[PDB]
Ligand code: CLA
Ligand SMILES: CC(/C=C/C=C(C)/C=C/[C@@]12O[C@]1(C)C[C@@H](O)CC2(C)C)=C\C=C\C=C(C)\C=C\C=C(C)\C=C\[C@@]12O[C@]1(C)C[C@@H](O)CC2(C)C
Ligand SMILES: CC(=C/C=C\C=C(C)\C=C\C=C(C)\C=C\[C@@]12O[C@]1(C)C[C@@H](O)CC2(C)C)/C=C/C=C(C)/C=C/[C@@]12O[C@]1(C)C[C@@H](O)CC2(C)C
C-alpha cells in the first residue's frame, strides 16, 4: 500500500511465523503430562500467542517483505494511533511532571534555607501542588501570555 | 515437583 | 492521676493525662504523641467502636436465632453470595452515595467543629451537640440522655467505649473462627461447652 | 455568598462581587485578575452557546416522540441532505462568525470602542458593562438585575452538564437521550449504567 | 512520631516508595493489557 508494503492480514510470512512459534511451543508441551501445571502454563502461552497475532492482524498494521510489522510516523490519517496519538499523550503526562516540579521550587523559594526543603521533601505542600498539573496547558499558556514564564 | 512450579502460576 | 492502668506498678505515658473517656494509659508504641494524632485516633476509635458493635449484634443475633427454629436466616459468611433483587454493584453504588454524604458531613465537622450544625434545606432545624463525635440533636439524641453532668457523661462514654472494644474483639474472633474451623460460631460455642477439655483450638 | 463545601475557606481573590460566586476554585486558575476577566467572559459566552445547543438537541426529540413532527436525531442531521452543500454553508458561517467574533474581541480588549455602527453613524449602543451589551440586543428592555445574571449563569452551568451527559451517554450507548430516559423509567433497578454495560 | 514522619519524608525513602508504586502500576497495566504496539481506542 504505502512504500510497497503488504497489509498484515493478507501476508503469508506472518502466518508462517505464527505456525513456527506455535510448533516450537507444542514441541515442549508434549514432554510433560497433559494435566500437569507446566501443560497449563504452555497452553496459556499458546493462547496468548494466538490472541496477540489476531489482535495485530485486526488492528490494521502493515507487514514488510520479510514478515514483520512496520510503523508509519509519516502523518497519514490511517495511522493516527501508530505514532501521533500516543505521542501527544506522552507530552501531556511529561508536561505534568515538569510543571509540578517547577511549581514546587517556587513554593520553597520564599524561605531563607530552601536546601532543607530540597533534600527533605514535605508531603502537605507537595500534595497540594501535585493536582494543579491536571490543567497545565491552560496555566502555562496564560503565564506565557502574561510574561511570567521567563526571568528578567 | 509440579506443585512447586504451580505455586508461581496460582493467579 | 491515680486511676487504674493496664500494667499495675508501671508509669503511664505523659500524653495520656486521664481526662479522655475510657483511658487506661495503654500506648507503649507512642502512636499518639502529637495532639492532632490524638484527636484523629479518638475519632477513629469511636467510629470503629460503633461500627463493630453494630456488626457484632447483627452477626450474633440471627445466627443464635437460627440455632433455634424461630428463623431461617442463612449464615453470615455466605450472605454476599446469595442472590437478591438486583446485582451487587448497583447496591454498592447506592450505598456508596448515601454513606458518602454522611461521611462528608462528619469529616467537615471534624475539620471545623461548628460549621455543619444547621439543616441546609430547612434552616429551622439544628443540632445541639457541642462535641466532636457526639452530634446530639433530635435526630441522634431523641431521648435527651446525652446531655447531663460531666461525671455521668464520662461514665456513659466509658461504657460505650468498653462495649465497642469488646465488640471489635468478638467480630474478629468470629471471622477467624469461621475461616479456621468452618462452622457457625454458636456451633463452636456449644461444642466447646459440651467438652471444655478437648474442644479447643488445638483440637 | 454561599460555600461550595462547608468547612472550607474561600480564596481571597474571589470576593463575591461577581455574579454567581460560590468560591469554587480548588486548582487556582483565577489568581491573576486578567485571567479572572478572561475566564469570566469565557464562562459567559461558553454556556450561552451551550443552553441553545442543549435545547436544540433535546426538544425536537421529545416533539418527534409525541408525534407532531418527524425530524432526524441530532447525530443524523449532518448525514441528511439539504438545499445547499455543507461546504458553502460552512464558508458562510465562517465569514459571518469571523466578523462578529472579531467585533466582540475588539470590544473585550478595549471596552466602549466598537459601539458605533460602521455603516449608519447616527445609531450607537448605550454604555454598559462588558459581556452584557444591552441596547438593541435587548428589544423587550428587561431589567438587567443581579438576580437575572445569577439565574442565567446557573442555567448555563446546567446546560454544560446536560451537553456533556448527552454526548458521553450517546457515545457509550447509541440510543438517543430521551429514549435512554424512557428506558430507565421502564425499570430503574435493571436499566441504570451499572446494570447495562 | 514527628521525627518518624520527618525521616520517612527524606529523599531516598520517598523516592523508593514512589518508584515502587509506579512500577506496580505499570506491571498491573501490562498484565491487564498483555501487549500492544499501537493505540486502538480511537
Ligand atoms: C524539576 C523539573 C525539571 C525541569 C522542569 C527541568 C527543565 C529542563 N531541563 Mg533539567 N534536570 C532536572 C530537572 C528538571 N529540569 C534534573 C533533576 C536533572 C539532573 C538529572 C536535570 C538535568 C538536565 C540536563 C543535563 C539538561 C536539562 C535540560 C532541561 C531543559 C530542556 C528539557 C529537557 O531536556 O529535559 C532534560 C531532562 C532530564 C535529563 C531528566 C529530568 C527528569 C527529572 C528526574 C524529573 C523532575 C522530577 C523531580 C524530582 C520532581 C520533584 C517535585 C516534587 C517534589 C513535587 C529544561 C529547561 C537540558 C537543557 O539544558 O536544555 C536547555 C539539558 O541539557 N536538565
Ligand atoms: C458549549 C458546549 C456545547 C455546545 C453545543 C452546541 C452548540 C451544539 C449544537 C448542535 O446540537 C445542535 C444544536 C444540533 C445538532 O444537529 C448539531 C450540534 C452542533 C451538535 C458545551 C460546553 C461544555 C463545557 C464543560 C462540560 C465544562 C466543564 C468544566 C468544568 C467541570 C470545570 C471545572 C473546574 O474549572 C473549575 C470550574 C474550577 C477549577 O478550580 C477546577 C476545575 C475542575 C478545573
Ligand atoms: C469496625 C470493625 C472492627 C473489627 C475489629 C477490630 C480490631 C480487631 C482492632 C484491633 C486493634 C488493635 C489490636 C490495636 C492495638 C494497638 O493500637 C493499640 C490499641 C494501642 C497501641 O499502643 C498498640 C497496638 C497493638 C498497636 C468491624 C466491623 C464489622 C462489621 C461492620 C460487620 C458487618 C457484617 O457482619 C454484618 C453486620 C452482617 C454480615 O452479613 C456482613 C458483615 C459485613 C460481615
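In order, the residues displayed for chain D correspond to 54-250 in Swiss-Prot numbering, which applies throughout.
For this deposited structure, the header notes the method as electron microscopy, 3.3 Å.
Here the Cβ of each residue, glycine as well, is placed from N, Cα and C on the backbone.
Copied over from Swiss-Prot:
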{"type": "BINDING", "residues": "D:57", "note": "chlorophyll b 1 binding site"}
{"type": "BINDING", "residues": "D:77, D:96, D:210", "note": "chlorophyll a 1 binding site"}
{"type": "BINDING", "residues": "D:101, D:144", "note": "chlorophyll b 2 binding site"}
{"type": "TRANSMEM", "residues": "D:102-122", "note": "transmembrane segment"}
{"type": "TRANSMEM", "residues": "D:135-155", "note": "transmembrane segment"}
{"type": "BINDING", "residues": "D:138, D:154", "note": "chlorophyll b 3 binding site"}
{"type": "BINDING", "residues": "D:157", "note": "chlorophyll b 4 binding site"}
{"type": "BINDING", "residues": "D:204, D:222", "note": "chlorophyll a 5 binding site"}
{"type": "BINDING", "residues": "D:205", "note": "chlorophyll a 3 binding site"}
{"type": "BINDING", "residues": "D:208", "note": "chlorophyll a 4 binding site"}
{"type": "BINDING", "residues": "D:237", "note": "chlorophyll a 6 binding site"}
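Surrounding the centroid of the Cβ atoms of D:77, D:96, D:210, where the record places chlorophyll a 1, the chain contributes additional residues within 8 Å, namely D:73, D:75, D:206, D:209. In this view, residue D:157 (chlorophyll b 4 binding site) is surrounded by 16 other Cβ atoms within 10 Å of its Cβ, with every protein chain counted.
Looking only at Cα atoms, residue D:210 (chlorophyll a 1 binding site) sits nearest to D:101 among the binding-site residues D:57, D:101, D:138, D:144, D:222.
Sequence-distant neighbours of residue D:222 (chlorophyll a 5 binding site): residues of the same chain at least 6 apart with a C-beta under 8 Å from its C-beta are D:230, D:233. For residue D:208 (chlorophyll a 4 binding site), the count of additional Cβ atoms within 10 Å of its Cβ stands at 15 [all protein chains shown]. Under 8 angstroms separates no C-beta among the binding-site residues D:57, D:77, D:138, D:204, D:208 from a C-beta of chain C.
Residue D:208 (chlorophyll a 4 binding site) and residue D:144 (chlorophyll b 2 binding site) have their C-alpha atoms 31 Å apart, to the nearest angstrom. The subset of binding-site residues (D:57, D:77, D:138, D:154, D:204) lying with their Cα within 10 Å of the Cα of residue D:101 (chlorophyll b 2 binding site) is empty, i.e. none.
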